[PDB]
Amino acid sequence: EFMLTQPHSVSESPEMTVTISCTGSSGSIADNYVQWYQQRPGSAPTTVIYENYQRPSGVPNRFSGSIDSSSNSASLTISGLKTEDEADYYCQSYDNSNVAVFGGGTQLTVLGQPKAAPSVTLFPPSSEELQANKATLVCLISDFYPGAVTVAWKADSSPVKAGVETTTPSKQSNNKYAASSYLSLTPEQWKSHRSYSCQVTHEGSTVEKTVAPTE
Amino acid sequence: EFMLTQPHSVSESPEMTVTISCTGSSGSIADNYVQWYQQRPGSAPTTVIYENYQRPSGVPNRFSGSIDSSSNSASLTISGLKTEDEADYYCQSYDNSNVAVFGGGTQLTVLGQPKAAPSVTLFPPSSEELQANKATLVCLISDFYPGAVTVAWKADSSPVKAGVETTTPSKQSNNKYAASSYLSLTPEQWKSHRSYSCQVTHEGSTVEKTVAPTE
Amino acid sequence: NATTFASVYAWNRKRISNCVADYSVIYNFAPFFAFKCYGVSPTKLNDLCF
Amino acid sequence: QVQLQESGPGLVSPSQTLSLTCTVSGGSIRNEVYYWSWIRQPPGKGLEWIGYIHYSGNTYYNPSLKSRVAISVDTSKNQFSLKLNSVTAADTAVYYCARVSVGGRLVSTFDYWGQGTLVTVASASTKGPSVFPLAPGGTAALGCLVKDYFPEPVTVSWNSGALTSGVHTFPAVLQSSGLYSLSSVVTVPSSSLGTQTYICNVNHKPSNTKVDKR
Amino acid sequence: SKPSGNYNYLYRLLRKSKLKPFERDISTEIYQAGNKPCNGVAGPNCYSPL
């Protein structure tokens, strides 16, 4: 058995040498080649390192690595890492019994990324949904840097707890986060109130919408 | 050169710690790996210490030591001395010119051994030797711990005038000595005398055989 | 049979041309610790020309 | 098991060239330790390193004996020899051949050794060995006598090595006439007269002399 | 192709002459191709038959 073990995450400032490690459990790292594959959220993995020292065309020369024979482990380093290099990496090897084993993956997090502000947006129910005898508020959140952002809902004059559903924030294509909030209610309750407000909690700021169903 | 130096002999009671030091008269002793070897009486040398702090398999844990370049002395300690440890020891190192030099040797003698009385055994010349117009008496001495044992010969009235040879005592493999004596004479003299005897002198005791050729 | 070889970072470069390449000398001496050949065979060295 | 055995001429003439041969078994010279050395030991003295030789030609001789020691090796017979020209009377010692561990970081670890032989370089009083039997309760004792032999490395045995219980040997001595003497006895019970007769065997290595007598 | 290596299948390294059509050769003698005899053992310039 050749079980490659990877750390959970690693962080380092850009424009430097960011090194990712990957250790093997047993066997022999010199018997089979070690490969590294880059995978981003919502996309298929892509080959980066093969034959433990080679790199295919189109990949920037920043991607490199070496094999440590003293500890039978693999390593991946980025000479001059930048914001676009923020993605997952998986070390892969092979067993002597012709068995391919993939690593656990390590989440690379760029520490040098600046702060950001959440783009709170609330959409009221449309005419089609009201004709369908239902209603659901959509409180979209985007462009927020921290992952500890929570959601909140407010009625016309007091807090309210309806059938609220909150999406888990995940990475975007531009290395930022995105989320969404839902609040379903009957049209009679929607018409029986003068306004509804979605509250988003951010680290050092907060934004409310206060959208009114009438006028 | 890399001329080492050892004490010629050392003695210590059993169940005690023995300190043995071999000094290098020329060159830094720590420049190369110093080894220690043990050569029991009547046997080939056996490796005891290598790499100056390591011991091979089969050797008891009573052998250990270290090297000090500031005093150019090869330290050696014998914890829990016993009877079987009575043997020679040699420190060996290597000169900077790849010249191997062995130490002068050190005889470890177990002083705490009990006293032992010498055994006497004598054999008269057989007829097969008398038919060759010659005769030789063989006397045997053994089982004696002290080296002050001497030899003596008489022929029924006085010591023998013929030449007598005496063997040099040496240690056996069982922590005891061994010796012998020889007396060469003509068969006419062997027949013209009444009796011969091999006298062995010990501290406060003496044993003889007094073998009679006639009757 | 040279007297001194250059270091590994400045290894010497020598070219052989216009001479009979009798490879029997390395077989007659044969002090080598290891001997390997690639592409060509050590038996047919004297049978080929380059 | 890795075993080494010394061999060669046991009798050398003064001011002549000494020659010895060491036999290696259980390993290959070219791979095992890559080095094999010679060590001599005077009677009652310590070991004295002579020199080792590598199968590729690397040699290192003793500076005190550089002009006399000549060492060669055979890369096929797994045997190496030793030559010593211009010998002196004081060169009589018990020679040995051993191996040196070099596969490690540095040269060390004289682990295995041979059996040794007392090479004599004196040519005076050169004679052949002779044997004489010795005359022999619940137990009995008897032995055999060997004299008139100048070469020291002699070997003795009892009953061809079968049932050697009670066999004891005594050190030799050099007589004034220039010949050594050896004595060995054996202790046996009185009821052992039925089988396993008391045969004493000798073998003179420098001359291949073998005599069997009771 | 066992995981620890399948050494049951062997091929002849070299021979003094090429094989004839349908000529089976099961000789296990140590093949020698140097300037010195090998005496049936794998010397410094000796090759195994398989």
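Just so you know, all these numbers are worked out from the coordinates, no wet-lab data involved. Cβ sites come from the backbone with ideal geometry, for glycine too, and all protein chains shown count toward neighbours.
For residues in region B:183-215 being polar (S, T, N, Q) and in a loop (DSSP other than H, G, I, E, B), which is nearest to the chain's Cα centre (by Cα)? Residue satisfying both the conditions and the ranking: B:210.
Just one residue in the set B:186, B:136, B:150 is in contact with a helix residue (DSSP H, G or I) (Cβ under 8 Å, 6 or more places away or on another chain), over 30 Å from residue D:39 (Cα atoms) and among the β-branched types (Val, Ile, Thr); that residue is B:136. Among the residues of region B:57-69, those identified as within 12 Å of chain D (Cβ to nearest Cβ) and loosely packed, with under 14 Cβ neighbours inside 10 Å are B:57, B:58.
Take the conditions closer than 14 Å to residue A:86 by Cβ and charged (D, E, K, R) and apply them to residue A:55. Does it pass? Against the criterion (closer than 14 Å to residue A:86 by Cβ and charged (D, E, K, R)), residue A:55 does not qualify. The number of residues in region A:138-191 being more than 24 Å from residue A:125 (Cβ to Cβ) and of a type in the set (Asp, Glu) comes to 1. Flag not set for residue D:119, criterion: more than 14 Å from chain B (Cβ to nearest Cβ), part of a loop (DSSP other than H, G, I, E, B) and surrounded by 15 or more Cβ atoms within 10 Å (Cβ to Cβ).
For region A:160-170, filtering for residues that are more than 11 Å from the chain's Cα centre (by Cα) and either in a strand (DSSP E or B) or surrounded by 15 or more Cβ atoms within 10 Å (Cβ to Cβ) (or both) leaves 6.
This table checks each residue for (1) of a type in the set (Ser, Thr, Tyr); (2) on the phi > 0 side of the Ramachandran plot; (3) away from chain B (no Cβ under 11 Å); (4) more than 18 Å from the chain's Cα centre (by Cα).
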residue	(1), (2), (3), (4)
D:93	no, no, yes, no
D:98	no, no, no, no
D:125	yes, yes, yes, yes
D:132	no, no, no, yes
D:156	no, no, yes, no
D:186	no, no, yes, yes
D:192	yes, no, yes, yes
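How many of the residues making up region E:12-31 are of a type outside the set (A, V, I, L, M), under 21 Å from residue C:44 (Cα atoms) and assigned to a loop (DSSP other than H, G, I, E, B)? It would help to see each step written out before you state the result.
Step one: filter region E:12-31 for residues of a type outside the set (A, V, I, L, M), giving E:12, E:15-18, E:20-25, E:27-29, E:31.
Next, from what is left, pick out any that are under 21 Å from residue C:44 (Cα atoms): E:12, E:15-18, E:20, E:31.
Remaining after also requiring assigned to a loop (DSSP other than H, G, I, E, B): E:12, E:15-18, E:20.
Number satisfying all stated conditions: 6.
From the list B:157, B:180, B:173, the lone residue that is in a loop (DSSP other than H, G, I, E, B), within 19 Å of the chain's Cα centre (by Cα) and among the polar types (S, T, N, Q) is B:173. Where strands (runs of 3 or more DSSP E) sit wholly within region B:105-150, those with at least 1 residues that are closer than 18 Å to residue D:136 by Cα and facing chain D (nearest Cβ under 8 Å) occupy B:119-123, B:135-142. Looking only at residues in region E:15-36 that are out of contact with any helix residue (DSSP H, G or I) (no Cβ under 9 Å at 6 or more places or on another chain) and surrounded by 12 or more Cβ atoms within 10 Å (Cβ to Cβ), the one that is nearest to the other protein chains (Cβ to nearest Cβ) is E:33.
Scanning region B:26-45 for residues that are closer than 19 Å to residue B:4 by Cα and polar (S, T, N, Q), which turns out farthest from the other protein chains (Cβ to nearest Cβ)?
Kept after step one, since they are closer than 19 Å to residue B:4 by Cα, are these residues of region B:26-45: B:26-39, B:45.
Imposing the further condition that a residue be polar (S, T, N, Q) reduces the set to B:26, B:28, B:32, B:35, B:38-39.
Numbers: B:26: 12, B:28: 14, B:32: 6, B:35: 6, B:38: 11, B:39: 8 Å.
Applying the filter and picking the extreme gives B:28.
Sort out which residues of region B:159-181 are farther than 15 Å from residue D:174 by Cβ and among the charged types (D, E, K, R), and write them in order of number. The answer is B:161, B:171, B:176. Scanning region D:152-168 for residues that are part of a loop (DSSP other than H, G, I, E, B) and in contact with a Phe, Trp or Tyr (Cβ under 8 Å, 6 or more places away or on another chain) yields D:152, D:164.
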